[PDB]
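J.: Any chance you can model this:
(chains A, B, C, D, E and F, ligands or ions: 13)
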Amino acid sequence: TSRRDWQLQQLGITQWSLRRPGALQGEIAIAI
Amino acid sequence: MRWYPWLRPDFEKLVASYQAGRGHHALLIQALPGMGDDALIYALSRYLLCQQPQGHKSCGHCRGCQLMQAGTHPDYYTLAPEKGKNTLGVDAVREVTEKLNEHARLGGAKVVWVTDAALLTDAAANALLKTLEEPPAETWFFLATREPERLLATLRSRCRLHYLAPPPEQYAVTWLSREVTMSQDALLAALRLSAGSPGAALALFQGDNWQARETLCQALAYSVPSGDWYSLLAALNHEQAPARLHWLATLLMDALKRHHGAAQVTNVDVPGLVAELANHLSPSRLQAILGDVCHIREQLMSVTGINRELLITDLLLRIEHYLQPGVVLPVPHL
Amino acid sequence: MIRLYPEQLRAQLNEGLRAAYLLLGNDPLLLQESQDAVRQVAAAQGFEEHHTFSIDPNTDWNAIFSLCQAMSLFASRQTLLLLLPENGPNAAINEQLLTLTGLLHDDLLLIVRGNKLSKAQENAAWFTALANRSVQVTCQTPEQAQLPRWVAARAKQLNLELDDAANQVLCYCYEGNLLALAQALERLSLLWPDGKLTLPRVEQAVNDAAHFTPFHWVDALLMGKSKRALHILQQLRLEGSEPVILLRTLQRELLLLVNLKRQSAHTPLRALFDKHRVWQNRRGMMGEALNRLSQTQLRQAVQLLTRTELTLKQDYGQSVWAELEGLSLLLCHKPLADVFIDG
Amino acid sequence: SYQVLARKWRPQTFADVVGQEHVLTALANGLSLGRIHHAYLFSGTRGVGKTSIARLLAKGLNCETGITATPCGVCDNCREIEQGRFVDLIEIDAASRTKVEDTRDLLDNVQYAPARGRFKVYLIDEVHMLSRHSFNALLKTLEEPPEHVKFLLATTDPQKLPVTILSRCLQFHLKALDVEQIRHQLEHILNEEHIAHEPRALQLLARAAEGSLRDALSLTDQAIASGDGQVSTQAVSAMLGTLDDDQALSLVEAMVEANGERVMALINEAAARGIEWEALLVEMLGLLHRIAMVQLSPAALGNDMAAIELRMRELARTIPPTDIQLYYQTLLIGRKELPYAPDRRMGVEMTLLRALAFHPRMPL
Amino acid sequence: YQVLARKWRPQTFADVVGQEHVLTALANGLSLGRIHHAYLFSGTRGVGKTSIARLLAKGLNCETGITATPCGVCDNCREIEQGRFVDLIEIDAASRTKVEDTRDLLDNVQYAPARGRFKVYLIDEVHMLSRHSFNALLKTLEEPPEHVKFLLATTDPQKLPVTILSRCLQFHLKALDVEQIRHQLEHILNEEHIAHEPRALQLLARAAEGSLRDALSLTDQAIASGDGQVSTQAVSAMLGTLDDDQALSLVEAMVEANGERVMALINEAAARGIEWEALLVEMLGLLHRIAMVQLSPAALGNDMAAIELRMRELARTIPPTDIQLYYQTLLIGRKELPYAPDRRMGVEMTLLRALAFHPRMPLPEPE
Amino acid sequence: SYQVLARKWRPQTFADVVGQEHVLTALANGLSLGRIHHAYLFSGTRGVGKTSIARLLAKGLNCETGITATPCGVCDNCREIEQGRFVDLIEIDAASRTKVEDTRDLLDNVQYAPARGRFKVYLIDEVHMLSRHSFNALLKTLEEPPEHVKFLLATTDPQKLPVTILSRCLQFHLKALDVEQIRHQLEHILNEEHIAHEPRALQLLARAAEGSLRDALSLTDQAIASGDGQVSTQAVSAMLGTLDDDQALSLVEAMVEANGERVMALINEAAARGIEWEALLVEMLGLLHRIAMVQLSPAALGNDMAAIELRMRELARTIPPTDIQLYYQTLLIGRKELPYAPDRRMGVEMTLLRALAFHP
Ligand SMILES: Nc1ncnc2c1ncn2[C@@H]1O[C@H](COP(=O)(O)OP(=O)(O)O)[C@@H](O)[C@H]1O
Ligand SMILES: Nc1ncnc2c1ncn2[C@@H]1O[C@H](COP(=O)(O)OP(=O)(O)O)[C@@H](O)[C@H]1O
Ligand SMILES: Nc1ncnc2c1ncn2[C@@H]1O[C@H](COP(=O)(O)OP(=O)(O)O)[C@@H](O)[C@H]1O
Ligand code: ALF
Ligand code: ALF
Ligand code: ALF
Ligand SMILES: [Mg+2]
Ligand SMILES: [Mg+2]
Ligand SMILES: [Mg+2]
Ligand SMILES: [Zn+2]
Ligand SMILES: [Zn+2]
Ligand SMILES: [Zn+2]
Ligand SMILES: [Zn+2]
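T.: Numbers count the residues shown, from 1 in each chain, chains lettered A, B, ... in the order given. Ligands and ions are numbered 1, 2, ... in the order given. Here you go, the structure:
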């Protein structure tokens, strides 16, 4: 796995990724 | 209640303050088990309750000395858990507090001794605070504990701390060899297993705990190659489970240190077992097993009414599962 | 001492009347019927005076002793009834009963009610003193296997016709509660004078009032009946049983199963059963359990049981019943995706 | 004044009782055939008609015409029993009188013959509150009862009584009144009272009653007060929304369908009243666990959740198991992290947002 | 002199703030004449259960008649205001929880009222009664005498038996919103002739949650601190709340991934001596508010209007994943704060950790 | 007979207290303006002066001269309150009077008028230990007390009190005392007691106090007892087990280099010398924080540390910040779990062994 992901796992920080982006109602502008 | 030689200096300090009147009304002694803190507290109590002190020692013939010898001194109070119980309740603390208000029968000092402050419940610890902060005149409190950090912060802040340092390793080894006959390696291993505190090693040797340790070592030696860790249940399921779990954790730590490369190991009398453990297990699995063993020992010592057999069986099955390839290992976290 | 069942009590009473009668069991209906029969026979013999007392720590034994010692001007032939505690007699109760048995008279008829006595309770001075002049009637509730025959016989003696479906419904709804079942039969007879009890008729006037014990739940888990296990667990929760008792009862059998599964790799099952002192009747069900659960299982179950115990003990949580339901489904062959096992 | 609906509409005849046929028919047959037991016990939920049926039976026993299941209602005995002034009917509130000394005097009256009735009826209600000595005295009285006395017992906790007491009385268990019968009774009462109403309001009130007629009547009185002498759908819906306290299931349903606006509205409604956020999270976790168990086996859901059975069944049938597991894990993490959140409400909102839109990344 | 909470207890139905549905229902019931005999009031602390109960008692026992608008001037109204009315029996259930007291009370319910037309029992904290006490009230509560009324108030309704609940009409009071609390505070301060500022009142209203008693207590504390005045600076000092501008600037600096600005802000805060745990809490709150705004445009409240536009900018630029990462990092930092060598050291280390794992511009990798 | 410094130096006037300026100003303004509440609650950490301020307020309320924020300290009421034998000041120890019966008995006597003073003050200490029934019984009377009674509450865990109780009283939060304030107070006390001292000893004692003045006084008393009646830098350092030499720097360097043998040898030497493990962990955490700080900006390095600059800069340049964060997290975890390990040395060894694994 990626080094940064392993380090975050060791630090105990969980990473969240979008699953249903249609739920959000606004100009998120995630894509650039 | 043996009087060990290394208690000579510390006593000569503490009593000196009581001779000058510069004595704190709440003294907390930090010492490992088997260090003889109880003997020191008893000597201080005998000195305080003597009606005709001479030098730094009680006369031994006054009425106070006779009552202390008989063990029926009205002004001496002891707070210890009941015979069948394991914790000290709040009712005893309240009764002692209410009894302390009235004057002493013999018109002298009043001494209260808490056998172990770590066994106090939260309610008892909170109830003791007001009495401990502003005790009545000519009242002295003595408390003993292993880890002051486990005590309540408010209770801790009201006491004067005194720490007993274990003697040097060579002196302890010589004293143990004088007391009991055994090989040098066995004495050194027993001393190191007890965090360097003499008397605890003597307690291990005088009893049958050494045979139990040998049985556990043989069982682990059989289990490590085959991989059947369940068989250790019979060697661990006992009323003294925490000590055997500590021994197993020490063996695992020694194996891990040997893998990393070190000159000192706690278990110096069993090189073969630690060598086999290092050879047959990887560092990550050793760390995971050590963490699990420590956590289970803490749970057994802390939780009240927990079932020993179920916890040990679950631990052994979990270790066996961890030994399988491709299994995610635990990671420490807050 | 004679040993009898409720059906033979009337025959024994017709044969003759003894000095003391012991009624031990867990079925209120049978105990009440035996007591009523004995008291009716005694009244026929000329016992028109009856006294009842409850055995407990706060008991006035002086009144009982005075009753035994004192005579009667005209109302002789006294009858005394004792109700033992649920736990059972203790040393103080043992010596009190010994003293009472010492002061026994031909005109005093003694009856005792209570739960079944153990070997320690059986081996008592008072119990042995009555051995030569006592008859013990055993009143145990029949199991589900023998229940339908009992229901059919009881309906027959009341001049009623029960269909098979009606009998099954009655057994299911009133399992372990014979008093409720008898009252239900009486109410059905009242409702329908013709006595024709069909399935739709009985289904209207029946409610769920079953009674169970943790051993029934463990047996259901061993057999693998999810519906029965869930129903028993719900009934136990409604009653108000202590979860710790269920946890221990399940733990014993689960650890036994784990050990047997581990050591059965290179050993026949019969030898293991003999070595572990498994009762002959149970050896059947245990066998099929070992043919339904793998080594991968019986470890997740142990982990879940340990987690539930820790939550109950240190966390004082209230979700113990949900974890019990999850474990019950796990023991039966179900997916149990393990997100709820925390594995 | 207008009196209270619950008090005004006491069933004064066997025909006025709603449902409970399996009990009324048996009692009528027993009275007609003369098969009368010594002791009767009535059990059931609150507001199902135990006391009403007991009073009707007592009236029927001591009617001037005779022992009949259809009391005339016009003779002096019937009027006195209805007004509560009948000498031979002794009603005992066991809850108020529990000590043995109080019960002894009442039970010692069985040694006197009836004054103006065939039977001397004792109606003991809330009998489960008696003490052990009172139970012993009652058992001793019941062992040898005079032929001219009857005992009627009513309680909601029959398991509290000793088995000895239970084995000497015939027990009747009353059932819930069901939605349709409650609605019909409410419609009849409102028509008799000349109160305007609509079918939807009656259906909502009956559904909210939950098997109790007294609850239905109390809700009807409250709705009439809120509606200013009229029962309307909007007024009843608003009143029920005010008393609504099932935000957990609504939040679960809104979250499962990815409707953020509904989730925010439900959070605001929950915050309007005083609620514990951790309790709400625990309730949501329990609901998710129950849904998962129901998916594993249909028998998991019992009779304890009869009120919300349909919604739980629909959720179990529709939602895939994987989504349920994901939501359960997300809520577990949220509960774990709640103490360190800036605020309890903020923590709950963040966890609900994560469940709605985000998915955690697991190691390896 | 007199405490504001005790001085400003409502004495007429017009003085009650909010609770429109309950007041409307009570007024309709009184006007129509359909009066029950058992009322239960539920809600959170300091919402006006006791006040509404006393107003209902005044309406029932007023000399003019049974009306929804008590005069407030006759002898009965004044005595009820002073708590010296004979026919209003107020029971403190929290103190008298024993069944003996309940039996003594029930033994004297059939006697007629001394002067009023009704005898009103107001039982407070009824959730503390024992099980026997609860079961002893069932029959009397179900069928009381004609001239007896029961009023019950509690904050924990679910502890009552269902049998008790089925016998009474239930009214659930709802927590008050910020606008109503602020308006009430403005009115009270204007009547008291005390200077005030809008921002101080807004802060007090937001800090009081939905309880008016808490708002009045905070107002008294602020008046004491401000020496006869309610000023925004005094209230801010009392509540220990830092300016939102500084927290937003710190968040923006963290997002931009410029360590120098973050260190300068930390030094500036240390010069004043800003509480560090409060700083972390404020940053977490700002991040949560940004996430909520991303979820729904209307999530943002009015109190943040002064910075609203700025917030929106972040909602238009920062991906949700970055917001979640920052929130989680700050939450972990707060979790580990107590065990750090120093609070300042812990906060600095947390910010350095956040900068190191910046999604876009991490700190330079060593050669 | 002999009284410790903590008991002897209890403040007896509003001007004798250290810090807590906001609370004192609020109380003085309230007393001067005549706006006196009937329910005061004091919250804060341990040994910050909650009981002292409560007693001062009680003394000010019942002073013979009048309701003033500056009690005379010479009238009969002030002297009796100072001696703790004033009839109208009833002090309750809630830690031993948790029973609801005691609370009911206390409340039954509120109708009686005060004996001598103009107010009857109740000072409930450790109020967080009362049972739920006690709080519920209090609620009603606490809401509307008679005109001649006051309630003063002091607690260290306000979270445990129900919200209903908190809503009825004015709350005052006491901040933890700063290091400078504690040092100044200790210096003043020692000067008044005529005891020799050194600035560094006072600095170390204040740092070890951790915001509690009672703890500072206890440590000072221990140092005086163990230092032949004199406070000296060496005595305090020995008592607290100060690291002094750069053992922590060498240990962290060995850990970073992933040389297990060196780390174990250093740990064995430290154990033989008998140092405090908590101090070692704290020093290592401080060094890691400083190294992380230097990476962001070279000028961040302190001038007082101008003896190991080369090694610190080498570590900062050679180690990425992520590894520094990992090591900091590992040391924090080790510090958290240290008291729960079988031995302190065993816990330290476990932490170091876990940290040694973070190297490719
Ligand atoms: N089966 C029923 N038919 C008609 N009304 C009923 C019925 N059950 C309850 N009620 C109504 O509910 C009110 C209270 O019932 P109650 O006698 O208290 O029953 P319980 O004793 O089970 O609580 C009565 O005034 C009655 O009008
Ligand atoms: N709706 C309201 N309108 C006006 N004042 C209120 C209201 N609710 C609470 N208060 C204020 O709060 C104080 C305490 O209210 P209280 O009677 O204790 O309510 P509860 O019984 O719900 O705690 C009162 O003195 C009153 O000034
Ligand atoms: N603000 C302060 N000013 C001066 N001394 C203080 C202060 N706070 C605490 N102390 C000292 O600490 C000792 C104990 O304080 P105490 O009244 O117990 O506070 P708390 O009630 O918060 O524990 C006192 O004898 C006093 O000498
Ligand atoms: F009177 Al009921 F259930 F409330 F019988
Ligand atoms: F008096 Al309250 F909630 F505090 F009703
Ligand atoms: F910490 Al304290 F009284 F000793 F509040
Ligand atoms: Mg009833
Ligand atoms: Mg109130
Ligand atoms: Mg204090
Ligand atoms: Zn002597
Ligand atoms: Zn008639
Ligand atoms: Zn008026
Ligand atoms: Zn003075």
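
J.: my guess is residue B:329 meets residue B:282, correct?
T.: No. Under the criterion of C-beta atoms under 8 Å, residue B:329 is not in contact with residue B:282, lying 10.1 Å apart. Every residue, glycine included, has its C-beta placed from N, CA and C.

J.: Which residue ranges of the stretch 151-300 of chain D form strands?
T.: For the stretch 151-300 of chain D, applying DSSP state E, counting those that start in this stretch gives strands covering D:170-173.

J.: For ligand 12, what is the nearest residue in it?
T.: residue D:225 (22.4 Å; C-beta to the ion).

J.: which residues does that residue contact?
T.: Neighbour list for residue D:225: E:25-26, E:28-29, E:32, E:34, E:169 [criterion: C-beta atoms under 8 Å, 6 or more residues apart in numbering or on different chains].

J.: Not including adjacent chain positions, what is the nearest residue to it?
T.: Closest residue to residue D:225 apart from its sequence neighbours, by C-beta to C-beta, 6 or more residues apart in numbering or on different chains: residue E:29 at 4.2 Å.

J.: Does residue C:179 belong to a helix, a strand or coil?
T.: Secondary structure, DSSP: H, G, I helix; E, B strand; the rest coil: residue C:179 is helix.

J.: burial measure for the closest residue in space to it that isn't next to it in sequence, as a count.
T.: Leaving aside its chain neighbours, residue C:179 sits nearest to residue C:29 (4.5 Å; criterion: C-beta to C-beta, 6+ apart). Residues within reach of residue C:29, counting by other C-beta atoms under 10 Å in any protein chain shown, total 20.

J.: Next secondary structure element downstream of the helix or strand harbouring residue C:29?
T.: Assigning secondary structure by DSSP states H and E places residue C:29 in helix C:28-45. Per DSSP H and E, helix C:28-45 leads on to strand C:49-54 as the next helix or strand towards the C-terminus.

J.: hmm, back to that, out of the contacts of residue D:225, what pair is the most spread apart?
T.: Maximum pairwise distance in the contacts of residue D:225, criterion C-beta to C-beta, is 14.1 Å, between E:32 and E:169.

J.: ok so, going back, next, format the contacts of residue D:225 as a markdown table and append distance to residue B:212.
T.: Output for these, formatted as a markdown table (distance: C-beta to C-beta, whole Å):
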| residue | distance to residue B:212 |
| --- | --- |
| E:25 | 75 |
| E:26 | 77 |
| E:28 | 81 |
| E:29 | 79 |
| E:32 | 85 |
| E:34 | 81 |
| E:169 | 71 |
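
J.: near ligand 13, which of those show up?
T.: Contacts with ligand 13 are made by none of those, judged by C-beta under 5 Å from the ion.

J.: Closest one of those residues to residue C:90?
T.: Distance to residue C:90, by C-beta to C-beta, is smallest for residue E:169 among those, at 53.6 Å.

J.: Closest residue of chain A to ligand 10?
T.: Taking C-beta to the ion, chain A has residue A:12 as its residue nearest ligand 10, at 61.7 Å.

J.: these two touch, right, that residue and residue D:337?
T.: No. Under the criterion of C-beta under 8 Å, residue A:12 makes no contact with residue D:337, lying 11.1 Å away.

J.: where along the stretch 151-300 of chain C do the strands fall?
T.: C:161-162, C:196-197.

J.: Just give the number of residues close to residue 28.
T.: As the question left the chain open, I've gone with chain A. Going by other C-beta under 10 Å, the residues that sit close to residue A:28 add up to 17.

J.: not what I meant, chain C
T.: 19.

J.: is it true that it touches residue D:167?
T.: Yes. Between residue C:28 and residue D:167 there is a contact at 5.2 Å, judged by C-beta under 8 Å.

J.: Pull up the overlap in contacts between those two.
T.: Contacts common to residue C:28 and residue D:167, judged by C-beta under 8 Å, 6+ apart, are residue C:179.

J.: Residue D:218: how many residues sit nearby?
T.: Around residue D:218 there are 24 residues (other C-beta under 10 Å).

J.: how close does it sit to ligand 4?
T.: 12 Å (C-beta to the nearest ligand atom, to the nearest Å).

J.: The stretch 51-200 of chain C against chain D: which residues are in contact?
T.: Neighbours of chain D within the stretch 51-200 of chain C, by C-beta under 8 Å from any C-beta of the partner chain: C:52, C:54, C:83, C:179-180, C:183, C:186-187, C:190-191, C:193.

J.: right, I mislabeled it, should have said chain A
T.: Counting by C-beta under 8 Å from any C-beta, chain A sits next to chain D at A:1, A:5, A:9, A:14-25.

J.: what's the closest of those residues to ligand 12?
T.: Among those, and counting by C-beta to the ion, the member closest to ligand 12 is residue A:25, at 54.3 Å.

J.: No further questions, thank you.
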